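Residue numbers (the entry's author numbering), protein chains in the order written: chain A, 1 to 375; chain B, 1 to 375; chain Q, 11 to 56; chain P, 11 to 56.
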Amino acid sequence: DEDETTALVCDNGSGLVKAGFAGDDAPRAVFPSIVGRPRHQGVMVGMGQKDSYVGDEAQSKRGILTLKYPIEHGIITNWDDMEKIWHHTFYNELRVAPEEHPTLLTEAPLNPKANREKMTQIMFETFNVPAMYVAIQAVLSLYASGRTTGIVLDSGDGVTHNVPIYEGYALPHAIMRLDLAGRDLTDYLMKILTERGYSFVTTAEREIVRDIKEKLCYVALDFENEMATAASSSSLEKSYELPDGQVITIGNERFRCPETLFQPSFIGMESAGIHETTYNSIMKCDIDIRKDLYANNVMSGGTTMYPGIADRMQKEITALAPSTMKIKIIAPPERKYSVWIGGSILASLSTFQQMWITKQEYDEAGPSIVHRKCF
Amino acid sequence: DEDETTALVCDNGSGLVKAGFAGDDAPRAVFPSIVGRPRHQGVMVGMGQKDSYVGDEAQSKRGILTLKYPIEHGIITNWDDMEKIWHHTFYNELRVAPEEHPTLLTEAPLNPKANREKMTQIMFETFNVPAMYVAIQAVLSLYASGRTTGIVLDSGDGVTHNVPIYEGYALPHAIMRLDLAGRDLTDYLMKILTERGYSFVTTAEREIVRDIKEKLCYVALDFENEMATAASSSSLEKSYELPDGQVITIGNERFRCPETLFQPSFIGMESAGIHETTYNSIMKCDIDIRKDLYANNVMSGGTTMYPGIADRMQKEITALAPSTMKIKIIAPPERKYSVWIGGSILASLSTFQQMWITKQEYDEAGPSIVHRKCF
Amino acid sequence: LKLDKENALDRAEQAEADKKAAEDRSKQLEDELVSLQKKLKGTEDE
Amino acid sequence: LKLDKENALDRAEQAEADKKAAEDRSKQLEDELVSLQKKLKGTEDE
Numbered sequence: 001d002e003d004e005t006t007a008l009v010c011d012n013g014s015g016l017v018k019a020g021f022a023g024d025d026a027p028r029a030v031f032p033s034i035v036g037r038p039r040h041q042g043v044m045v046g047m048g049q050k051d052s053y054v055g056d057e058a059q060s061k062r063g064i065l066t067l068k069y070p071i072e073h074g075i076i077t078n079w080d081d082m083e084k085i086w087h088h089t090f091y092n093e094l095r096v097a098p099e100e101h102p103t104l105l106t107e108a109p110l111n112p113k114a115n116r117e118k119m120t121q122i123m124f125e126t127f128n129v130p131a132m133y134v135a136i137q138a139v140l141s142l143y144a145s146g147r148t149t150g151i152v153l154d155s156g157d158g159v160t161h162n163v164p165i166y167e168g169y170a171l172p173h174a175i176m177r178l179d180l181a182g183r184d185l186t187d188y189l190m191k192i193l194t195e196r197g198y199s200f201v202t203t204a205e206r207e208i209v210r211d212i213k214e215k216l217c218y219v220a221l222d223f224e225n226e227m228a229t230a231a232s233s234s235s236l237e238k239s240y241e242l243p244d245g246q247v248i249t250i251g252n253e254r255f256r257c258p259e260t261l262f263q264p265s266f267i268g269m270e271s272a273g274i275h276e277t278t279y280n281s282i283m284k285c286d287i288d289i290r291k292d293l294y295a296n297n298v299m300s301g302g303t304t305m306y307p308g309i310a311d312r313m314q315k316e317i318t319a320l321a322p323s324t325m326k327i328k329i330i331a332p333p334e335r336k337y338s339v340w341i342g343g344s345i346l347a348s349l350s351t352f353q354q355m356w357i358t359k360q361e362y363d364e365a366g367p368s369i370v371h372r373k374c375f
Numbered sequence: 001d002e003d004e005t006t007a008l009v010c011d012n013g014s015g016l017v018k019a020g021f022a023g024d025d026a027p028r029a030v031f032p033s034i035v036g037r038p039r040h041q042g043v044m045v046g047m048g049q050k051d052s053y054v055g056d057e058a059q060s061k062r063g064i065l066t067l068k069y070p071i072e073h074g075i076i077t078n079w080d081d082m083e084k085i086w087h088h089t090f091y092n093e094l095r096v097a098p099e100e101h102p103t104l105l106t107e108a109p110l111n112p113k114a115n116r117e118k119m120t121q122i123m124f125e126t127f128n129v130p131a132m133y134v135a136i137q138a139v140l141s142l143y144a145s146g147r148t149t150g151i152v153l154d155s156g157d158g159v160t161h162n163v164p165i166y167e168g169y170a171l172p173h174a175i176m177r178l179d180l181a182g183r184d185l186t187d188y189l190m191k192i193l194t195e196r197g198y199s200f201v202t203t204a205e206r207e208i209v210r211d212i213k214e215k216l217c218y219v220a221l222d223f224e225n226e227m228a229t230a231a232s233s234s235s236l237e238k239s240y241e242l243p244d245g246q247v248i249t250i251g252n253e254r255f256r257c258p259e260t261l262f263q264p265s266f267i268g269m270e271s272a273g274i275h276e277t278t279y280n281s282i283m284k285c286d287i288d289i290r291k292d293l294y295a296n297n298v299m300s301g302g303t304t305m306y307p308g309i310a311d312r313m314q315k316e317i318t319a320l321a322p323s324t325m326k327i328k329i330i331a332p333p334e335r336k337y338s339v340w341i342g343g344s345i346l347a348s349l350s351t352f353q354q355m356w357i358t359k360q361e362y363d364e365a366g367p368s369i370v371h372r373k374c375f
Numbered sequence: 011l012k013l014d015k016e017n018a019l020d021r022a023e024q025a026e027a028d029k030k031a032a033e034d035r036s037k038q039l040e041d042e043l044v045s046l047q048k049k050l051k052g053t054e055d056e
Numbered sequence: 011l012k013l014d015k016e017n018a019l020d021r022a023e024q025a026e027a028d029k030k031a032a033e034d035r036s037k038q039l040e041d042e043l044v045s046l047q048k049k050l051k052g053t054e055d056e
């Protein structure tokens, strides 16, 4: 439906995937990064029943499906499932066949190399895309957030990357990658809700909990005082209606789960928490850099959408930070959708039209080409 | 368990502690500089679990512990943890303690003053040592190498000092302090192994990587040739079995990490590289000194064990050095253990018996005495 | 009820549109405030 | 329609509450921005 060969853009996380065309300010469609498969045989007539379900199809029929996420802590390990996701995403919802349009995909700065190689290879060999470009999520976060300098906390579903950037440059000596992410918060919430009498153990249940988390949970600006209150009074409880008509409420569990970001030991991770991890990214940088990073702490990705996270993070960094310095967190409405938006911005920059791998260079060099052409 | 009325010697860094008694040619034992603490709440009864672990206990149980290292780029800041490490070292494992013996501890020549003040104080006040002496690692490195003259390349766990001595005298303006050592190389390898699909984030994982590095990595005499092949073919890869049943292979990363010593920019460090710092420690000395330092380039500390480092450092300096003159590197089996050995030599030399602070002079003067009696 | 999801939705969308204009002003004003405060402190330090 | 009204309404009320918060935050920041501008003019003149 496009009148120009605009790039198509897809931000494929370990959780959800956002897609649209370059030049827009939002994805046109959002899908989970899921290919679903039935674990049961349907009995009734008129119940659909597929061998496999993709994206929103996997969620709609999830009650009897195993829901597999092809991306593991930022890396695609199942390329067949990503082909199903990209065919559906580009061809059915964006309504564009990649054969006539270049495509931009994204990965974290320390994302395993095989990810960028398969993202590039799949689009060139299965979809015949005329060109490819694997973007840096840190760049995209900054372009969506209006910054060139700052701390990128991309808090994704599979990993929190945590990288300081100055004047458009990476400061790699200060990257503190953390294996604590949105996926662990969903798993932890299934377990804490179980403590309250509402057990969630299946894949369908995982998605229910994911929805509960997104609407009911928060980190709290003061964990211990909020906890003591929530544990003492119903005034901090919030209800949710489950698909079968049952009602679940969450008390101090409402924040004890999100608190895992600040206390990763709750899921068994060895870490000082998201705020020390973030701080580790601002003090390790040079003496004439630190001041600019403190004043430009940038959120992108999801989990940034907890009601109290921008303010608690600003407070925790301020507490760890030296005096005089201004500490500020940028937490735009483009939250969780920011990396996709940055992808749109990058794909269309005039300064980035020479960064694309063509389907000439690709075939002459093979899949490893992404290593020298992208970043 | 020992009945020899001699001095005790310890080399304490950000990674390891070498220790034993003076007069021998080797440490009796080597301990990690670690005080380990549980990072999990125990559930079952009868599972042991200590409140703290020391040295090798902390490393052996690390899968469920957070490991703290008391020394920061050569300076002890967590004196309480070093007291625990020293108690274990001396009382439990070396089977000899300072209470009945004079004790020598080491530090780098430009190490902040507080380090030597606390080392002196803890042995006198918590271990009741009859005497003390804080030694310069450069002194010890040349004694253990059979030299009075030479360049000491003391590549430790947290710092490389790069310090010349001529005829037993310091040439301090020619010291090239470098913020690159074995611990930074381990952190870099964790990041590039993440690039290969094997993420390492936790400290237990850091210890796994340090083991991989020590057994699989090298610098290479010719980096570019090894790199071009290793980056292109599996014939240059070497396997390591991870303690979870996975096998990791490493290609050009096998040498890119160690290469950081020659190219510090790999980890974001502003430095000319170890071979230029070596060259400058020689070049910044007077012209009737320079020739003797070129002929007596002495390795000490660890990282000196990488294949190609003794041949490469000699190649890199001879390539910068003038012709006719002979450039030589000293790199004995006592590599990495030579500072301890030098400590043994200094502590036991008859020419050094007037250099000891007794617990007479110390008690009247206090810890500032280290600046009157040691250096 | 018939038009109330529409009345509520139009209120939600109008309020969201105004919220955003005001949230964007809040961010602009806060960034100017912080920079201005830093200018203030710059000059106060001077 | 109750579900659509309820969703539109939670959004209508939250959006109105949030637009009010955005207007109040942008108003307070504008007033504080002005106080900082005046205090800055003060430090610049001083």
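All C-beta atoms, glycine included, are put in the ideal place defined by N, C-alpha and C.
For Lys12 (chain Q), the nearest beta carbon of chain A is not closer than 9 Å to its own beta carbon. Per DSSP, the unbroken alpha helix (DSSP H) holding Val370 (chain B) starts and ends at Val370 to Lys373.
For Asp179 (chain A), the nearest CB of chain B lies under 9 Å from its own CB, placing it at the interface with that chain. Interface residue (Cβ-Cβ distance to chain A less than 9 Å): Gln47 (chain Q) is classified as such.
In the structure shown, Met299 (chain A) falls within a strand segment according to DSSP collapsed to helix, strand and coil. Inclusion of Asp363 (chain B) and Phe124 (chain B) in the CB contact set at 9 Å is warranted, their separation being smaller than that value. Going by DSSP, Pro38 (chain B) is part of no alpha helix (DSSP H) but of the beta strand (DSSP E) stretching over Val35 to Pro38. Its chain contains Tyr53 as the residues whose beta carbon lies nearer than 6 Å to that of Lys61 (chain B), once the 5 sequence neighbours on both sides are disregarded; these appear in chain order. Here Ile75 (chain B) carries a strand assignment [DSSP, helix/strand/coil]. Taking the CA atoms as reference points, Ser36 (chain P) sits about 56 Å from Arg116 (chain B). Listed in chain order, the non-local C-beta contacts of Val163 (chain B) below 6 Å within the same chain comprise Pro109, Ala138, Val152 and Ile175, local neighbours out to five positions each way being set aside. Taking 9 Å as the cut-off, the beta carbon of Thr77 (chain A) is found no closer than this to the beta carbon of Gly36 (chain A). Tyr294 (chain B) sits buried, since 16 or more C-beta atoms from the chains shown fall within 10 Å of its C-beta. In the DSSP assignment, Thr249 (chain A) falls within the beta strand (DSSP E) that extends over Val247 to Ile250. Nearest CB-CB separation between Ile85 (chain B) and chain A: not below the 9 Å threshold. Per the Cβ contact rule, the region 26 to 45 of chain B is in contact with the region 78 to 93 of chain B (3 or more Cβ pairs under 8 Å).
In the same chain as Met190 (chain A), and ignoring 5 residues on each side of it, the C-beta atoms closer than 6 Å to its own belong to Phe200 and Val209, in chain order. With contacts defined as CB atoms closer than 9 Å, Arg254 (chain A) and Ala230 (chain A) qualify as a contacting pair. Assigned with DSSP and collapsed to three states, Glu241 (chain B) falls in strand.
Beta-bridge analysis with DSSP links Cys10 (chain A) to A:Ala19 and A:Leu105. Note that the C-beta distance between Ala31 (chain P) and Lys15 (chain Q) is not below 9 Å.
At a Cβ-Cβ threshold of 9 Å, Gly251 (chain B) and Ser239 (chain B) do not count as neighbours. One Cα belongs to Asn280 (chain B), the other to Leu178 (chain B), and the distance between them is close to 12 Å. Residue contact check for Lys15 (chain Q) against chain A: no CB pair falls below 9 Å. The count of Cβ pairs closer than 8 Å, one atom from the region 98 to 107 of chain A and one from the region 321 to 329 of chain A, stays below three, leaving the stretches out of contact. In the three-state reduction of the DSSP assignment, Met190 (chain B) falls in the helix class, which pools H, G and I. Below the 8 Å Cβ cutoff, chain Q contributes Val44, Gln47 and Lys48 as neighbours of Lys326 (chain A), in chain order. For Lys373 (chain A), same chain residues with a beta-carbon under 6 Å away, outside a window of 5 residues either side, are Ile357 in chain order.
As computed with DSSP, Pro164 (chain B) is found in a beta bridge with B:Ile151. Boundaries of the beta strand (DSSP E) around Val134 (chain A): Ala131 to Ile136. Distance from the CA atom of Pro307 (chain B) to the CA atom of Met299 (chain B), rounded to whole angstroms, is 14 Å.
For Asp187 (chain A), the closest alpha carbon among the candidates A:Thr149, A:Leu221 and A:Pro264 is that of A:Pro264. In this structure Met119 (chain A) is not in contact with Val129 (chain A), their Cβ atoms being roughly 11 Å apart against a cut-off of 8 Å.
At a cut-off of 9 Å between beta-carbon atoms, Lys113 (chain A) makes contact with chain B. Residue contact with chain A for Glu56 (chain Q): absent (no Cβ-Cβ distance below 9 Å to any residue of chain A). Around the beta carbon of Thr278 (chain A), 16 or more other beta carbons sit within 10 angstroms, so the residue counts as buried.
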